[PDB]
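In: Here's a sequence, model it:
(chains A, B, C, D, E and F)
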Amino acid sequence: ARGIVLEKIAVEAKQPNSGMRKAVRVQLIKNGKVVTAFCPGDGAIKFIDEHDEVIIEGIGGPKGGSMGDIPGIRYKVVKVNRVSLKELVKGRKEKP
Amino acid sequence: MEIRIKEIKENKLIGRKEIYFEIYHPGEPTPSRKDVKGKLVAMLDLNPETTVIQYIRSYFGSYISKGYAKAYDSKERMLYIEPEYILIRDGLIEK
Amino acid sequence: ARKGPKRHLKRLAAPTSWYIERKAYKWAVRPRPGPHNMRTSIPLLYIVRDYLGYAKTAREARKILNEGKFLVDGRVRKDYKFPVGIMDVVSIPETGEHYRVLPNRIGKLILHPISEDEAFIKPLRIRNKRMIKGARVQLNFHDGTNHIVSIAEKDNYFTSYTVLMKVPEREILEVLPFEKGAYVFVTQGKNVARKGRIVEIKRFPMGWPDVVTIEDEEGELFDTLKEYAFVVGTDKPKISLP
Amino acid sequence: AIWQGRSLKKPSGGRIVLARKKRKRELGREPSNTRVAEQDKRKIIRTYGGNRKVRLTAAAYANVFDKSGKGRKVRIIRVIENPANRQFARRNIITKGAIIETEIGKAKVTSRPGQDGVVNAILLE
Amino acid sequence: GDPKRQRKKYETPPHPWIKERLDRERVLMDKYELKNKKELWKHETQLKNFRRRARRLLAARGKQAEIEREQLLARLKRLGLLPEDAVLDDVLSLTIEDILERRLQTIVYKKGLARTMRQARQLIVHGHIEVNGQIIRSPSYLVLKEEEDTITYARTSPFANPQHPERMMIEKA
RNA sequence: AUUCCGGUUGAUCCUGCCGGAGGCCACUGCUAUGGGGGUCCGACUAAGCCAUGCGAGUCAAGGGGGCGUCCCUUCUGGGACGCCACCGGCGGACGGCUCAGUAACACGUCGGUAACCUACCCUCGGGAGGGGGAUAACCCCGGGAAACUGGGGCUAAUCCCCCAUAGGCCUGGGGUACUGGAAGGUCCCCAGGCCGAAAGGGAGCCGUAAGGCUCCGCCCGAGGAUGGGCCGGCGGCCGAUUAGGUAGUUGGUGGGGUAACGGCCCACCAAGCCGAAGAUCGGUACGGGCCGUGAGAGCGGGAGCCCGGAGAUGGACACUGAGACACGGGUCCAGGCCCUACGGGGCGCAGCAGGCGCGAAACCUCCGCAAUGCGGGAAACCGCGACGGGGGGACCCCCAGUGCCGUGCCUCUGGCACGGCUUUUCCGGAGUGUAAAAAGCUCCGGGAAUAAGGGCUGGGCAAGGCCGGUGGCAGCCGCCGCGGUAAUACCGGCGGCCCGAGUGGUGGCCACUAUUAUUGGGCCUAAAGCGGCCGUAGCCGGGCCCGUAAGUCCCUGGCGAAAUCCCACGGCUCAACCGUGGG
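Out: Numbers count the residues shown, from 1 in each chain, chains lettered A, B, ... in the order given. Here you go, the structure:
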């Protein structure tokens, strides 16, 4: 799906894990629903700003739902501004 | 370049003769239409102005190239039957 | 979305009785209405081009047909969509060739060479018989052809009988009745292209067709439909049917 | 027009939804009320396939036959009875089942005036 | 209702990573110098299809069954995978190596036309080998027994010259 | 391959689900050297809206004219030769596109129409007699911004009309001549009526003329053939937190209408008809051949190719024709647009390219009628965005490359140095190929030159106890589980393991799952025996004898289109693909 980033937030890893997982709130262009999308990568969060166009994709988890120690998040960002998030974090491309 | 006449048939409804032949040649360029027609006419005693080579087709990794030609009885019949494109390709009409 | 008659025929949908390549192209000639059925017919174009290889293109075949070089049943046929059916005589006088159209053992139509003397005889199975205006009896043959006789000769003809006609003069030569011991040729069905002698005939209630049992030369007995049993002789076939 | 297609209710009392538009071949024509008059009136109708029908709207003469094939052309006066409709007898409309009286007595119609454009009847003994 | 879809002619292993299967396949690849695992799986599925046909025909009765049995045996004998006096039971004894040995590359190497399997493969790819007059450039082609003795250098290829340095090197073996 | 492995505990054995491991389809990150074959490429959301181009024409051998060349006789006018438009005939109802609607005789199969229509085509038996009238084109004059359109005169036909005879239909009375399993059928003889044909037109060759031969033609009757209409038996989804539904409703009598039978409709007579074996109502959906998966039973889908059905912005109507209530014909309403000189006048790509919008999601505003086929023509032949050819695309499948050999060295699953060889592929040329090109195929010249990436590295699962950075933070993690200052688990380097022109991520289906259990699951303690009994439909039912054969089994005819599936042979180099036979 495609959406627009509204704000950047963080969530707490579940017990016994401890850590801050950085996600974004995305409003889908299809019907305007607001969802939470996790940003994979060591420094993926800084590559996403508000009002940015992003593409979100399901997060691999049981029953096609949440994954790992971050329930409540079902989607992850793949492309930001029509550029691959993995490529941006790895450094082969510059954010337009 | 050796031409072997595999088959010859006499079409009487269309006053022509259909010739199927094979050109055997060791490594060499595919024979040209002019050379093929000249050799075929000389060998089979045909009228030069009444023979049209339908095709000379070569195959993958082969030294034998197949060939199909037709020799008519009448120039008028040849013009009436054969399409314009084949005659132009064989160079019977100046275009 | 359908509003009227079809004018086209896809190759994949063509009848199974044709020796045609169903995947080389998309369209096939749609036979015009004519003597025989769709299943037991083939356009003259395929006979001229594919079966005999006298022409390489439909244009050449049409030119040759228009030149009046092909005779079917003794009459020159020019349209390339004319149906050609079983027990038909195809004549090429220019090459002096004569063929009889017959079914194969697998139901496909084939051309069987015949003699020049035999080329003038056409068998016709009396599909139906009725009376028309006046006191005349009309006979309807398997190929849709019609003949007329007088009321006096009413008993000389019956359904399923065979008539040998001299073409193109359209003259009666002989009448082969349908009875025990009559040589017959199967025209369609599982036992197509088989021949033998009549042994027994069975009737059934309602509109169920009659059933006929035929004994072949080797002595085997098989069954088929009376309408499918084509009489082509009395003791020995009068038409070469191998 | 006068559609003569399938009914929209199943025999069980259900409801049927049309899956297609009305077709031309399924259309009928207005009834032909043959009326007794002082002069015959007929019209020609082009029907399905280019065929033709002769429709009789006003009938004056009738062909009456009496038990022996002897037919007579006799003028129609009035319609006595018509079981097809309870009002046709009073409205003087001829129908295939109508009973009329002509110069030579009572007769019963045996043809369909709206389909063949002729009034044929048999004398009543 | 859907139309035909062309299918793959090889089957991948049920589990990508099995120690014994990986070792065996690696040995076969190294021995026969195949480009990748899909060729080996193609030959493996050819063997599997032959075995499945034999198994199905063993427990079948009918004129068509006898015809298919005879055709299978004749086809295998023609390919050269079975002796002339073979029986349907002998089909199940076939091995992957039997099929691998019938490849044009393997036969070219065996006939002494190339020092090594890689050289034979390059010769086949570049068109220095002719089978029954025709030039085949498919290293995976299965040579038929009837034409196994007609394989030789192309009459126009330089290798056909006995004085060629490469030909002398190959003959020096 | 008819299969397992990881996870409840301090440790063990169960039930149970979750996750790995395989195949297929749709999007998508990184990456990319080639060639062939195929039924692939705006179906999922919008059957939403469209600029411009094209997608249906043909006939001079049906007719009268205009223009131009020539031979001319010679003011006249005759004849060839072409071009143009008009009347006239046929076609435009096929093909092409889409899956909205539809739970229905829409579709599949088997039968019926003895209850019905059909131009084109085939066969047989018959006919073509006598008259009459407009008008197109052209000429004069216009009108109207356009789109369109008025008045006057002069003409021909295979144009139209009338008369005549054959022929068609209805009904009444008689004989039984024919096909059928069976005649409201067909045939014959009388009687009353209605309706009611044609083009001896055209062309060529002879013949002084007359006349003749041939080719394409016209009308009627009986049959076919082709395409359909209508009808019947059987078969194929979910919901009872939907139990009652129906009133032309079910049947009858008498009629109307239809091309045809029918409550299809009408006038009267009755109370019928459907339903827990699920009516009615609601949800979803074009049906089938088939496809995906599985060892099979089975489960799931049913867009691309074929057959059948519907639609042409949403509805409703009619005219011409054999065939339409008609995608590129017509009328009205609703909805959205365009031109206007303000009076007025036009349009609807779910046709091929192309554009906007919608979106995660899908291409050129290209060349030819050369092959297949359709319409027209007597024919040559003309037209066809059907089809055929090419262009763009990681659509599917098949075959290959990114070198090889000998010697020597080395930290030897490989790398390096030296000396040789090949040109698959790339680059430049000649032929062949093509409707013309291009691609392919044969050959000549240069040369290892032009060509490897993606994930993973703690187990499940092949691969590191190596070095640097961070020190419950960054982060990873399908599951288990790692990270809090010695991290084999995070980031990076160096090594390695899997596949390889591919390799990863996400959603969906099948197996995994004997967690849907007919094959083949469970219910004392883990999910689950109604608190208990009586009993209606259904299901399951003691022994022997006789009879029928409905189920059942065996044999034999008519069917179940083709493509798709399996086997053998043959043709493209083998293969993919196609053809011939069997299944």
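
In: and the longest strand seen in chain A, what does it pack onto?
Out: If you go by DSSP state E, chain A has its longest strand at strand A:2-12. Applying 3 or more CB pairs under 8 Å, 6 or more residues apart in numbering or on different chains; DSSP states H and E, one finds that strand A:2-12 contacts strand A:20-28, strand A:34-38, strand A:53-58. Where C-beta positions appear, they are placed from N, C-alpha and C, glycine not excepted.

In: Which residues of chain B lie near chain C?
Out: Within reach of chain C by CB under 8 Å from any CB of the partner chain, chain B has these residues: B:11, B:12, B:13, B:14, B:81.

In: From residue E:75, how far off is residue E:86?
Out: In this view, residue E:86 and residue E:75 are 11 Å apart by CB to CB, to the nearest Å.

In: and the residue lying closest to residue D:18 once chain neighbours are set aside, helix, strand or coil?
Out: By the measure of CB to CB, 6 or more residues apart in numbering or on different chains, the closest residue to residue D:18 outside its immediate chain neighbours is residue D:8, 7.6 Å from it. Put simply, residue D:8 is coil when judged by DSSP: H, G, I helix; E, B strand; the rest coil.

In: how near is residue D:8 to chain C?
Out: To chain C, residue D:8 is 23 Å away according to CB to the nearest CB, to the nearest Å.

In: contacting residues for residue 51?
Out: Unless you meant another one, I'm taking chain A. Residues in contact with residue A:51 (CB atoms under 8 Å, 6 or more residues apart in numbering or on different chains) are A:4, A:5.

In: try chain B instead
Out: Contacts for residue B:51 (CB under 8 Å, 6+ apart) come out as B:37, B:40, B:41, B:69, B:70, B:71, B:72.

In: The first one - that's part of a helix, no?
Out: Yes. Counting by three-state DSSP, residue B:37 is located in a helix.

In: and chain C, which residues reach chain B?
Out: By CB under 8 Å from any CB, the residues of chain C that approach chain B are C:54, C:55, C:60, C:63, C:64, C:67, C:69, C:92, C:94, C:95.

In: What sits closest to residue E:51 if chain neighbours are left out?
Out: Spatial nearest neighbour of residue E:51, chain neighbours left out: residue E:92 (6.1 Å); criterion: CB to CB, 6+ apart.

In: ugh, wrong one, residue D:22
Out: The shortest distance from residue D:22 to any non-neighbouring residue, by CB to CB, 6+ apart, is to residue D:3 (5.6 Å).

In: Check residue E:117 too.
Out: The shortest distance from residue E:117 to any non-neighbouring residue, by CB to CB, 6+ apart, is to residue E:33 (4.0 Å).

In: measure the one you found to chain B for me?
Out: Per CB to the nearest CB, residue E:33 is found 23 Å from chain B.

In: Residue D:28 now?
Out: Distance from residue D:28 to chain B, by CB to the nearest CB: 57 Å.

In: And for residue E:101?
Out: Distance of residue E:101 to chain B, given as CB to the nearest CB: 24 Å.

In: Residue A:59 too?
Out: Distance of residue A:59 to chain B, given as CB to the nearest CB: 52 Å.

In: close enough to count as contact, that residue and residue A:73?
Out: Yes. Here residue A:59 lies in contact with residue A:73, judged by CB atoms under 8 Å, at a distance of 6.7 Å.

In: what touches both of those two?
Out: When CB under 8 Å, 6+ apart defines a contact, the residues bordering residue A:59 and residue A:73 alike are A:38, A:66, A:67.

In: Going through these, which ones are buried?
Out: By neighbour count, with 16 or more other CB atoms under 10 Å in any protein chain shown, the shared contacts of residue A:59 and residue A:73 hold residue A:38 as buried.

In: count of residues packed around residue E:83?
Out: Residues lying near residue E:83 (other CB atoms under 10 Å in any protein chain shown) number 10.

In: So it is in contact with residue E:77, correct?
Out: Yes. If you go by CB under 8 Å, residue E:83 and residue E:77 touch, sitting 7.5 Å apart.
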